[PDB]
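All remarks here apply to the structure that follows.
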Amino acid sequence: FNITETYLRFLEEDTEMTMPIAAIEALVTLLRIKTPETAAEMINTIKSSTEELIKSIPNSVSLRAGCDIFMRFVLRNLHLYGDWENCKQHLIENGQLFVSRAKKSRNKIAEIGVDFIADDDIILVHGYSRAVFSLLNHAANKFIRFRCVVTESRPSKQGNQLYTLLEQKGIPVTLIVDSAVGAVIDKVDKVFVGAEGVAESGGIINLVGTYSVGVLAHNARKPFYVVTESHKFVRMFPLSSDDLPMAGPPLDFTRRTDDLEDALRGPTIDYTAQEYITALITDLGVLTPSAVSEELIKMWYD
Amino acid sequence: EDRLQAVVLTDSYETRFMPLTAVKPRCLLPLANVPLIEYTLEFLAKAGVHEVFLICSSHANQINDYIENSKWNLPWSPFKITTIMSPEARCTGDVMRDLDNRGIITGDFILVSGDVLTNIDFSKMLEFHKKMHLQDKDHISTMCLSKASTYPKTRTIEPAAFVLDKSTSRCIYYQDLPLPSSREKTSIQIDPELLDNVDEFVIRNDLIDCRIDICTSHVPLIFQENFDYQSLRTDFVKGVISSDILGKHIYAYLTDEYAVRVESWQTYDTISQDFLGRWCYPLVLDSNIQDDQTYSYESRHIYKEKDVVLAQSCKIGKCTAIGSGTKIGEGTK
């Protein structure tokens, strides 16, 4: 009963919702039509829907991660081996319940995460993730000595947007180009990066440039930070230094031109290794080193 | 060795602080955003106290209220507070007489004049006092002394010149001078009553006042006997030296570590500064003594309590402490 349309429906919304959360909700809604009782009629349909979504996907792995998590949850659900109605009801409940959860997670974050701020520490923020922004705003709320540094990101002018968002807060800020980020090593005390997908080992999928930043941090011995909630978990491991399922160009040397038509071709999404990250920020208590892998193991058991 | 009572000489040095001490009591005033009595109490506890006695006269009701509000009022305390209420304005002799009249004095009682906060362990001192007492029958009281900052220059009110022995640690002469403040008496006096008995004469000036006394049961009786001694340092010690009662010994304990009593304003400031730094070994605000306190430690000797708000872009120097519930703006040095 459609899912692509639902996905499309969320573009100018957000800020209050959460794309992957929305997707999950949509999935749940789809599920509560074709009966969760008959497993043959339902699971296959769900799979088909997921395939369709993948086909319609441009540059996103997080939705897939969400859907597989949902599937896993569903599978777990039927372990009670009792009546087939209560379980169904629970499943039905668990969609808006997921939406509700996000708020609670945020709340949890905003009380433990505020302990990290030290006296006169300058913070650089990279990537458009809602969680990081929330953390920042709720740190301002707490009233702690802090500074904000903006990086000039170029997918569809994201850095500028981030800067603008920061402005409507009242915090003094300065914009730095992604090429010029290397020179800033002593002034910025902590390097903060948001994530779009957390892998097996603890590797991060995000945006236009993260790996380089990580490398720089390693070189300067400055702490590297990953800020996320709890829905972006993929059972994946990259083969090379940077490899992802992409709809865009993986390094394309364009043919001989004069009038300029196609030139903007290359890497858009980047992967960073486990060694670079020193601290991980999540709502599930406090966990850092290799907890994601453990979580995955718990989930899949395979 | 165990079971020792404490008597604290409070509300004694009023009008010495010339602007203040008129509406509220002297000791109730905060040292570092927290009352001065508390530190003294802590020190007493560290030493070994089983009962607390305070001398109040000037604004006693407020003191009583404070006591009622304080932590030691509740039954968990090893020492209970019972205040001595006396008629207005009297010297330390009169107070002693009053105490004697009441009669709680047993064994080795602790008498502390003013408010003192120091880092040195007291058990060892107590042991020393006991051992020395065990030597001869006619031993009186203990005095506390610490090594000064090489040369004396900021000391004008009480620059006492202590002529001391190394073998027995006993005072020979006590004298006060206005020498650095006013050039009228740059002077030294030595008496010949104890020259041909001590032999080892060491003349010193660089020693700071503490005014913490461990006293035997003889002292109040002595005070009762000789009513001419109104003070305890200037007339009393000298009298003891010049053989008022023949064949008697007094103590002067020497310690390399920091020990200074509260006396004036500049001195108070210096004490506060010392407290802020790491001069006193265990005495830090971040440990939280009053239980309502929520102090925490930060880099470069900076103290910050909980609910402290400070705005962005303010360059700070060295050694700063901020109390709870503060709102500070921008562009401050």
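Protein chains in written order, with the entry's author numbering: chain B, 4 to 305; chain I, 24 to 356.
In this text, a Cβ means the ideal position worked out from N, Cα and C, and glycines have one as well.
| Item | Value |
| --- | --- |
| Near-chain B residues of the segment 211-223 of chain I - C-beta to any C-beta below 7 Å | none |
| Rounded C-alpha distance that separates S51(B) from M45(B) | 10 Å |
| Helix, strand or coil at residue 375(I) according to DSSP, with G and I counted as helix | Examination of residue 375(I) is not possible in this model, given that chain I is present from 24 through 356 alone. |
| Interfacial residues, the segment 228-248 of chain B to chain I, with Cβ spacing under 8 Å | none |
| Environment of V46(I) [buried if 16+ CB atoms lie within 10 Å] | exposed |
| Simplified DSSP assignment, three categories, for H221(B) | helix |
| Residue-level contact to chain I via CB, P175(B), 9 Å cutoff | yes |
| The ligand GDP heavy atom lying under 8 Å from the CB of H324(I) | Annotation note on the ligand GDP: not contained in the displayed structure, which lists no ligands. |
| Proximal residues of chain A, C-beta to C-beta of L333(I) below 7 Å | Here the protein chains are B and I, and chain A is not one of them. |
| Simplified DSSP assignment, three categories, for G200(B) | strand |
| Rounded C-alpha distance that separates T105(I) from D161(I) | 31 Å |
| Test item: CB-CB of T231(B) and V201(B) under 9 Å | yes |
| Nearest-angstrom Cα separation, counted from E328(I) out to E353(I) | 20 Å |
| 8 Å contact criterion, which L306(I) and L168(I) should meet: CB distance rounded | Not a contact, Cβ separation roughly 20 Å. |
| Where the segment 117-136 of chain B meets chain I: residues whose CB sits under 9 Å from a CB there | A121, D122, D123 |
| Interface flag, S347(I) vs chain B, CB-CB below 9 Å | no |
| Under 7 Å (Cβ pairs) to chain B, residues found in the segment 308-323 of chain I | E321, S322 |
| Three-state class that DSSP yields for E74(I) in the structure shown | strand |
| Given 8 Å, three or more beta-carbon pairs between the segment 125-136 of chain B and the segment 150-158 of chain B | yes |
| Beta bridge counterpart(s) of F4(B) as assigned by DSSP | DSSP lists no partner for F4(B). |
| Cα-Cα separation, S100(I) to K94(I) | 8 Å |
| Whole-Å CB distance - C90(B) paired with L81(B), under 8 Å assumed | 6 Å |
| Residue-level contact to chain B via CB, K327(I), 9 Å cutoff | yes |
| Close-in-space but distant-in-sequence residues of the same chain around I180(I) (CB under 7 Å, 5 per side omitted) | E286, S287 |
| The segment 315-333 of chain I / the segment 202-213 of chain I touching (three or more Cβ pairs under 8 Å) | no |
| Cα-Cα separation between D297(I) and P175(I), rounded to whole angstroms | 17 Å |
| Between the CA atoms of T281(B) and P292(B) - distance to the nearest angstrom | 8 Å |
| Beta-carbon proximity list for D315(I), same chain, < 6 Å, skipping 5 on both sides | none |
| CB of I107(I) within 9 Å of CB of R125(I), strictly | yes |
| Helix, strand or coil at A142(B) according to DSSP, with G and I counted as helix | helix |
| Test item: CB-CB of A70(I) and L149(I) under 9 Å | yes |
| Own chain partners of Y326(I) with C-beta closer than 8 Å, once the 5 adjacent residues on each side are dropped | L299, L308, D309, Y318, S319, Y320, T343, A344, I345 |
| Straight-line gap, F76(B) to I208(B) (C-alpha atoms, nearest Å) | 23 Å |
| Close beta carbons around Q247(I), own chain, < 8 Å, minus the five adjacent residues each side | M119, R120, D123 |
| Under the three-state DSSP convention, the category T32(B) falls into | helix |
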